Amino acid sequence: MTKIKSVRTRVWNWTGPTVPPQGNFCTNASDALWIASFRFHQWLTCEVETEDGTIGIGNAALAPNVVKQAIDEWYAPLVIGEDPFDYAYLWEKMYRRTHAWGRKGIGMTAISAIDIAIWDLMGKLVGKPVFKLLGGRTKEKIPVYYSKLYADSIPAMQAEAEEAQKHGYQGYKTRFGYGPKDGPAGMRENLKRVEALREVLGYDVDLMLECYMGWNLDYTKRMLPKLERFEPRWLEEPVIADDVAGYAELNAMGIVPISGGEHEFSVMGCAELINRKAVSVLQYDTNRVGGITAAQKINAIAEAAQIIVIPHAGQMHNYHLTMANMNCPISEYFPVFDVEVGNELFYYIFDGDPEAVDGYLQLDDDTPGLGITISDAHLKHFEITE
Amino acid sequence: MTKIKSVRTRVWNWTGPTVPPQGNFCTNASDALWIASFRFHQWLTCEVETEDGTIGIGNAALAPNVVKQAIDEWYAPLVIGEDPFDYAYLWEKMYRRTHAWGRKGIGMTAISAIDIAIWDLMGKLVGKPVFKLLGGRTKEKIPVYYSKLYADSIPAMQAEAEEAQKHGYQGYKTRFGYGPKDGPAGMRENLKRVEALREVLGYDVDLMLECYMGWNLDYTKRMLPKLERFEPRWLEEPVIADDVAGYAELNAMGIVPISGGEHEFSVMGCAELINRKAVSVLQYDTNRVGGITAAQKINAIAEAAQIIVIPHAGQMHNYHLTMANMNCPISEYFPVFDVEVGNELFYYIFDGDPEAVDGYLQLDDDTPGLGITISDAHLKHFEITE
Amino acid sequence: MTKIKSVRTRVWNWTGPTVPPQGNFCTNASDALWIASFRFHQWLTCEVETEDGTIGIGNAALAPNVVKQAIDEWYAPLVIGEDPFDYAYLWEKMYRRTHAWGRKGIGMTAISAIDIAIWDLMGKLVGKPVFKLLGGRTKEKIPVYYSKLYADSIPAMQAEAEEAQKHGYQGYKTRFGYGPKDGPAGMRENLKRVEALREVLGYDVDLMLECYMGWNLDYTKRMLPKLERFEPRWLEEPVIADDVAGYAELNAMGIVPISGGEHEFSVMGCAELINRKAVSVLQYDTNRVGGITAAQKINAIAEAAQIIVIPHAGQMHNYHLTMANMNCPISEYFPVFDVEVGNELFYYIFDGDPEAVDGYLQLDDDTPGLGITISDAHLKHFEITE
Amino acid sequence: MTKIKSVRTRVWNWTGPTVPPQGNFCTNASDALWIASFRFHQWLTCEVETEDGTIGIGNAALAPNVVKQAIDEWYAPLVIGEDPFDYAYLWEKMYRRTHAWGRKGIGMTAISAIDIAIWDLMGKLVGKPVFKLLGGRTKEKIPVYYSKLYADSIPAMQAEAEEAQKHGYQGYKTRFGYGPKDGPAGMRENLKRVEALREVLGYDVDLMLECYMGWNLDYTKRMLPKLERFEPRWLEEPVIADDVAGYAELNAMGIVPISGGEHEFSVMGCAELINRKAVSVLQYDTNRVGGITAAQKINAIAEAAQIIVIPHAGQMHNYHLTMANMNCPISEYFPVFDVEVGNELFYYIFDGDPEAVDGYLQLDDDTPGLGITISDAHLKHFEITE
Amino acid sequence: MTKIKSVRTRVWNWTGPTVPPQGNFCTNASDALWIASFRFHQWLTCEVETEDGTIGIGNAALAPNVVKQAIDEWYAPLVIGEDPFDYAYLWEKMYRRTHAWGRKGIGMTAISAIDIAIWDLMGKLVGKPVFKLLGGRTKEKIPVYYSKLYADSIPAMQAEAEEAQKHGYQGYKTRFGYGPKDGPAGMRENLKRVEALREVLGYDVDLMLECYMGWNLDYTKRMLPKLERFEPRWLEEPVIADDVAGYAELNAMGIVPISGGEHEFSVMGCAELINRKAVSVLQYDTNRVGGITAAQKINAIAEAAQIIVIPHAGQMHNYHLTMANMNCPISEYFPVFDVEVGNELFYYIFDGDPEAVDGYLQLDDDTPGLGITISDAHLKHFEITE
Ligand SMILES: [Mg+2]
Ligand SMILES: [Mg+2]
Ligand SMILES: [Mg+2]
Ligand SMILES: [Mg+2]
Ligand SMILES: [Mg+2]
Ligand SMILES: [Mg+2]
Ligand SMILES: [Mg+2]
Ligand SMILES: [Mg+2]
Ligand SMILES: [Mg+2]
Ligand SMILES: [Mg+2]
């Protein structure tokens with residue numbers, strides 16, 4: 001065994017071309033304020049190197065500068081000098097030593113970046129793809145749903161839908177543009193948009209609706225009966241992440257399946273969502289929830305409950321987990337587009353993330369680790385701090 | 001990757017010296033009959049070999065001849081030609097293809113033997129101990145509890161206890177000799193025995209009480225208040241395995257923690273015991289419950305619920321799992337004794353299972369796989385069929 | 001009283017003509033694998049003979065070779081030398097002596113074959129039909145539902161329906177051909193098929209929908225609202241048998257009654273499905289669940305809960321139980337067809353199973369025992385091992 | 001098959017010697033009145049004869065004259081001309097045709113007498129003891145508890161206890177003499193009596209406490225903590241039969257197991273007590289609850305719940321059921337004493353009821369039917385009306 | 001105070017003209033038998049006379065001959081010599097002294113007849129109408145629903161409806177003619193009948209549907225969604241009275257309010273239906289449930305729960321209770337028709353029961369007691385036994 005030598009954490013600030021939303025607008029938790037700032041224009045890379053020179057690559061997107069401070073000051077020192085294959089111990093070490101403040105949020109996100117790197121490292125050390133160490137190939141290939149379709153003018157939304165359709169996706173997710181603050185008029189605008197998409201896409205494909213924590217219990221309860229006729233596959237994050245009780249009440253109404261979890265942290269955090277039937281579809285993001293070590297355990301819990309898992313974001317740190325579990329049927333897919341909201345920013349930082357072909361993704365059976373590398377292609381578009 | 005070439009299953013029938021219980025007697029499910037036949041005098045070895053010649057070793061103890069028929073006829077054909085690292089897929093393949101009849105019992109036991117072998121195989125293929133692939137070292141060493149101390153005359157029991165004490169164990173399990181059929185008099189005999197052990201061992205060590213499915217809801221509910229003063233760490237399998245509701249009711253009384261699970265099968269099977277709080281200590285045996293693939297998932301579920309896991313039996317197929325999870329604090333330890341009940345029979349078939357030192361067990365950080373081999377030492381004491 | 005002298009167990013392997021599905025396809029638990037193998041091409045007969053020469057006939061279909069090994073090695077020895085009329089004791093003897101591994105699956109199936117034979121034996125010994133010993137005639141005759149109608153081209157399905165209609169059935173069951181893996185498109189194909197059957201059959205007959213464990217909680221929850229307009233009488237086995245919690249959640253949605261139980265074992269096993277309201281229609285098969293002794297007790301439990309019982313499969317081992325209980329209104333009827341899936345294989349092995357007349361079945365008030373005999377008619381089509 | 005020809009119902013009024021309680025006194029539902037009338041000084045015999053001359057013997061003790069009117073006017077006409085072996089149909093016929101008023105009480109008691117006779121009849125018709133038709137011998141012999149020991153002076157109670165002890169009983173039941181109306185002083189008198197019995201009997205035998213519906217929820221809740229130190233095996237009928245909720249609340253306190261059911265009627269009636277965990281020991285009397293047909297079904301339900309069944313009263317109509325079920329461990333035994341309260345009156349009417357030997361009862365393996373006959377021995381002590 | 005002198009109980013057997021149903025047919029509990037016998041062709045009058053000569057009139061309809069035996073032998077002796085104004089004590093005296101067998105059914109019905117008489121007696125003794133002693137006038141007049149409309153040919157049913165409409169009723173109840181035994185075809189026949197009535201009556205009047213215990217849980221659950229579009233005010237007694245759990249499950253589906261209670265007995269009996277939300281409309285009949293003393297207490301319990309009470313049957317023993325409680329909005333009204341089913345038989349025995357005027361009933365503010373007398377008008381049509 002070769003021990004961990006160092007942890008290199010860098011924050012990448014996008015300084016390249018940005019595209020004006022051209023009339024875009026999406027709901028979010030801040031809408032309640034009478035003040036969705038495109039959060040992902042920064043990203044964090046975490047490289048864990050062993051004494052033998054092997055390097056594992058991890059990442060995180062939430063508040064990169066704050067997370068970097070946590071990793072450099074508190075977490076990195078906890079894994080230096082340790083065997084990567086004692087990953088469960090290292091995870092617990094970080095989890096308990098900082099439990100007072102790292103339980104959720106910054107801390108768990110920091111743990112996530114380091115843990116993902118440790119898994120990439122393990123795969124490389126034994127020459128196996130990460131998904132093989134997690135269980136192997138449970139699917140021929142991974143079906144994916146087209147993730148985007150922000151609220152806009154009806155013509156604009158229908159044009160995007162028609163374009164997306166040409167690529168074979170069997171699922172499409174769309175984001176609402178109006179919420180509680182927009183009152184009754186906003187409800188109609190929301191419904192008009194879903195109808196417009198069914199007009200183009202038809203009813204024989206999955207249509208997912210996303211609120212991004214922009215609604216509340218009151219508003220959602222009244223919108224559910226109105227959304228039923230469009231037969232959505234699910235309604236995502238209708239309430240803020242702290243309103244777990246609201247999630248459970250909404251999911252129990254049994255009108256439209258409720259999904260969520262991208263803003264939930266730790267194994268016990270997601271176990272509660274599963275056990276309380278707060279969601280019918282769990283969507284944690286491995287680079288937030290605690291890493292692959294935590295996600296693998298969460299997948300076991302969700303599988304026993306038969307609440308399907310479809311991680312938030314389409315990246316290797318999520319794909320390998322999905323490939324290895326029967327209860328993880330499909331993945332979310334952000335197409336390789338220009339930098340707008342930021343979900344696609346990782347494509348400019350890394351090379352190796354699979355691109356969809358006729359609505360499916362594939363993983364190489366041999367490529368060791370996660371199958372990604374940090375790219376030099378866009379260094380010109382980034383101001384990287386270390 | 002090297003593919004699975006064959007599956008060699010053998011049933012070992014002990015024909016060597018047997019020791020007369022000298023007055024032993026233990027409760028069991030059959031006591032209710034007005035008719036504990038020492039079940040383990042047979043054992044099954046399952047060797048899974050890949051094209052490159054590497055061999056993984058698995059095993060099972062329940063109804064070996066029946067399990068062998070299942071493996072040779074139904075399960076073996078399902079893994080031949082497959083990559084061992086697609087273990088989650090292979091597990092699901094066996095689980096679903098035979099779900100109609102293999103869900104629990106024979107089928108799941110057969111799956112267990114094959115899956116354990118596949119993990120030993122994986123460890124050997126990448127040159128890593130199984131526990132490293134499962135999470136690594138979460139404990140300096142593994143504390144173990146002395147498992148035996150069958151009911152006998154008071155003098156005989158106290159003598160065994162005094163001998164066991166000299167070896168540093170911090171926990172001791174004893175089996176009851178009387179049950180419902182023995183009526184009120186039997187209750188006193190049971191209590192006299194527990195008191196006699198506390199007399200020797202004292203109250204500063206763990207004392208576990210085992211019923212081996214020999215009691216029932218009625219009798220246990222009345223015995224609990226009577227056992228309380230002896231402060232047992234737990235009461236094991238007070239009712240038959242099908243009485244899950246009874247388990248939950250007894251555990252909810254909150255007098256003595258109830259343990260069980262050695263006769264439960266599959267991930268969903270144990271998940272139910274956890275979710276229904278049927279037990280406070282889960283004791284599945286990896287060579288029955290579905291193998292390491294299933295046990296790893298069960299450990300994740302139990303850990304989130306904080307219901308500790310202490311697998312039934314002290315063998316490598318259980319030790320590696322325990323080593324890798326924080327919620328698996330100690331192991332059950334059958335000392336290397338003469339063949340009596342059969343729990344120790346595996347010591348004669350395999351070489352490599354750790355022996356306790358001052359009440360602790362250790363695993364080698366380098367030894368690939370499970371760290372065991374099939375021994376030639378006792379071939380003279382076995383009639384092996386293939 | 002005459003004691004049990006021997007237990008003769010034989011496995012019948014069909015070697016005769018087989019018919020190509022001509023485009024058939026049905027959902028099943030294995031569909032999840034990216035690999036419904038017509039399981040019943042083998043069958044087991046179990047003859048229990050008493051010292052006086054009287055012979056009782058029992059049977060089983062699940063994994064015959066494995067079940068035969070269990071009967072010959074573990075169960076048969078437990079009933080030899082016993083009075084058939086101590087059936088409850090013999091059942092408990094087999095149940096407890098092998099509880100560790102026989103609780104469900106192979107063991108309980110083996111117990112089933114022996115117990116059914118013991119009842120046929122008892123009826124013959126006292127010269128009474130089995131149903132008379134169980135309670136007598138609660139129905140003038142037994143209404144039955146046509147069981148088949150596998151997924152196929154619309155024209156093929158409608159042709160079968162039209163043919164079935166001519167025989168007076170008031171109920172028809174159909175099997176789905178698409179599941180979770182077929183995504184949104186498969187959902188439409190499923191709905192198109194149910195609609196096509198209502199087109200032919202109309203809405204004034206019962207239409208039962210079968211999934212055969214081929215769907216999951218996620219998919220079923222989304223299909224229920226879509227199936228509602230076809231007013232199905234029930235939805236059968238939407239999830240795998242281990243997902244009892246899923247069964248209960250689906251049944252609680254109250255959209256379509258959920259049925260299941262053909263893959264559940266023992267009295268306590270079915271009692272749990274009843275008590276947890278996991279199903280609204282219980283469908284254990286007497287030659288799997290534990291035999292007539294167990295089924296009679298299960299019928300008592302189900303009756304008190306008013307959850308109707310309609311055993312899986314139309315054979316005498318089920319008909320006699322149904323005839324004797326008011327809560328058992330109808331039976332499933334596999335027509336005497338060519339050997340395809342195997343459900344009809346018993347017609348070639350035994351003689352005596354009633355054939356439907358205008359959608360009803362009848363039992364003879366005098367014929368002792370089950371009213372069946374092992375036939376010599378098709379010995380030419382079987383390779384029988386003993 | 002021979003059809004039922006007639007139903008002969010007779011009420012036996014005891015006119016022989018009666019013994020003055022010599023200072024006896026026992027609690028009962030009427031104590032609340034500021035007004036336990038020894039109810040059983042009358043008894044009912046019900047003989048069901050078939051065309052071939054065979055006669056089955058049934059009985060009932062509750063309000064004989066009222067029950068006789070019901071049998072002669074409503075029930076008898078429903079079974080005449082029917083095959084005894086259609087017993088489940090005949091039971092349902094009586095149950096449904098009179099459901100409006102016979103559900104519980106008089107009606108169900110009448111059904112009980114007829115049904116018991118039908119079973120005795122069936123056993124005789126096929127030459128088998130009733131218990132053989134019900135499942136056979138599950139016990140070597142039947143342990144019984146001494147049932148009596150009414151409240152009296154301490155010396156009188158201790159003398160009875162000492163006498164009872166000489167006969168090998170492992171269980172003894174005693175009846176309280178004070179209740180709510182006797183206030184705080186009565187509580188002490190009750191406790192003094194239980195203590196006095198433990199003084200003689202010791203703590204290594206079962207001690208059952210009976211209230212006979214003479215207490216209430218309020219009083220019992222306060223008495224439970226006070227009775228705990230005497231370790232009673234159970235507390236019988238602490239509240240009136242209509243207070244099922246009270247039963248459940250008391251049983252849930254988990255201080256002393258609560259028993260009851262002798263005043264509950266029908267299968268669904270007892271199923272509710274079982275399902276609501278109203279009792280930990282079910283004590284229906286077969287000649288009240290609905291007969292052997294109903295009791296057999298109740299035993300199945302109780303067994304699955306593992307709530308033991310110990311029928312009220314020691315008579316053949318209860319013994320045969322107990323013998324055939326594993327969940328029916330012991331029987332209540334009224335010794336053959338002089339006519340005082342009336343529980344022993346059946347010994348003077350019938351011949352064949354087993355007498356205890358060293359605390360156990362036995363049933364003959366050959367004797368057809370219930371093994372009883374109506375005796376001519378005490379015709380001189382009865383005024384029989386027909 | 002004047003004490004009760006005697007209790008005169010008589011059974012009136014109708015021997016006058018009877019009308020042939022002309023094609024009528026209604027569901028009932030006995031339909032399950034492969035055998036609704038117009039039960040009420042007998043009736044019981046119970047006259048309680050005090051020493052001063054005042055006479056109170058009570059009655060009962062269930063099994064009159066059996067009830068008469070109970071009153072004469074057990075109950076009458078309990079009230080003789082007592083003050084009528086100690087009615088609560090007398091009720092408890094009868095309730096407790098016979099609790100073992102009178103809890104429900106015959107006993108409680110007997111208590112009902114005596115108690116109703118005692119109230120009529122009290123009203124006469126103080127010169128006040130019964131409803132005044134119970135609370136007074138809570139309603140200007142009592143709205144009533146037309147109770148009848150048995151299943152028949154569509155033309156016959158529509159003709160009755162048109163005739164009933166001319167009398168101003170705002171509510172109409174109809175009885176189903178098909179049940180579980182009639183299968184799918186019967187379901188259509190049932191729906192056709194409800195539709196036919198809505199055709200005539202329209203949707204602006206209450207339409208109540210009655211099953212009279214002729215359906216079961218299974219069938220009702222499937223019929224509810226089908227009945228919803230006819231907007232029935234309630235579905236009455238869909239299951240047998242012992243299936244309280246079924247009542248609660250059906251009522252909880254929230255499709256159509258479930259009513260019941262006419263076959264429930266005692267205060268605690270109805271309190272359970274209320275507390276378990278088994279019904280949304282409670283319909284006990286005062287001459288069955290325990291009398292006015294019990295009904296007054298039941299009305300208090302139901303009122304607090306806001307579960308409306310609409311007693312079964314339109315007679316003074318029910319009207320006075322309804323008049324005095326705000327939670328008792330309307331009454332069931334059997335028109336004064338020829339003797340067919342028997343519900344109208346009381347009109348021939350008594351004089352004083354109010355007749356509907358434009359769909360309303362009125363009570364006299366002065367008339368003492370119940371305001372009824374036993375009539376001599378139809379003595380010629382009765383064979384009265386005493
Ligand atoms: Mg999202
Ligand atoms: Mg790139
Ligand atoms: Mg154990
Ligand atoms: Mg060795
Ligand atoms: Mg099926
Ligand atoms: Mg044949
Ligand atoms: Mg009693
Ligand atoms: Mg005698
Ligand atoms: Mg009614
Ligand atoms: Mg009149």
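For the numbers below, each heavy atom of this structure counts, side chains included, while hydrogens, waters and symmetry mates do not. By convention in this document, chain letters (A, B, ...) are assigned in the order of the sequence lines, proteins followed by strands, and residues within each chain are numbered from 1.
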For chain D, find which of E/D242, E/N275, E/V267, E/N65 contributes the most heavy-atom pairs closer than 4.5 angstrom.
E/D242
Pairing residues for D/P64 by the side-chain contact (heavy atoms from CB on, under 4.5 Å) criterion, not counting sequence neighbours
D/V11, D/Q42, D/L44
Mark yes when over 12 heavy atoms from residues, nucleotides or ligands other than E/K3 sit less than 6.0 Å from its NZ; otherwise mark no.
yes
What I'd like to find out is whether the side chain of D/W101 reaches to under 4.5 Å of the side chain of E/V67, using heavy atoms alone.
no
Got a sec, which pairs hit salt bridge (charged side-chain N to carboxylate O under 4.0 Å, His left out) with one end in residues 32-46 of chain D, sequence neighbours left out?
none
For D/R103 versus E/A241, what's the shortest heavy-atom pair and its separation?
NE-CB, 3.3 Å
Please determine, among D/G269, D/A100, D/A32, the option with the most heavy-atom pairs under 4.5 Å with chain E.
D/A100
Worked check of side-chain contact (heavy atoms from CB on, under 4.5 Å) between E/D31 and D/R96:
CA-CA 9 Å; E/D31 290 334; D/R96 290 176 174 272; over 6 Å; no
Comparing E/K104, E/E92, E/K68 against chain D, the one with the most heavy-atom pairs below 4.5 Å turns out to be E/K104
Counting only non-hydrogen atoms closer than 4.5 Å, does D/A245 touch chain E with its backbone (N, CA, C, O), its side chain (CB onward), both, or neither?
both
Which bit of D/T109 comes within less than 4.5 Å of chain E, counting heavy atoms only: side chain, backbone, both or neither?
neither
Where is the tightest heavy-atom contact between E/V66 and D/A70, given as atom of each residue plus distance?
CG2-CA, 4.0 Å
Above 12 or not: heavy atoms from other molecules or residues under 6.0 Å from NZ of E/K181?
yes
Interface residues of residues 72-82 of chain E facing chain D - heavy atom cut-off under 4.5 Å
E/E73, E/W74
Mind ranking E/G105, E/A63, E/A36 by heavy-atom pairs under 4.5 Å with chain D and telling me who comes out on top?
E/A63
Would you please name every residue forming a side-chain contact (heavy atoms from CB on, under 4.5 Å) with D/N251, sequence neighbours left out?
D/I258, D/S280
For the residue pair D/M268 and E/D243, what are the closest heavy atoms and their distance?
SD-N, 4.1 Å
For residues D/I35 and E/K93, report the shortest heavy-atom separation together with the two atoms involved.
CD1-CE, 3.9 Å
Is D/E272 in contact with chain E via its backbone, its side chain, both, or neither, using a 4.5 Å heavy-atom distance?
side chain
Going through the checks in order, is the side-chain contact (heavy atoms from CB on, under 4.5 Å) test met by E/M213 and D/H99?
CA-CA 9 Å; E/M213 308 195 294; D/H99 203 73; 3.8 Å; yes
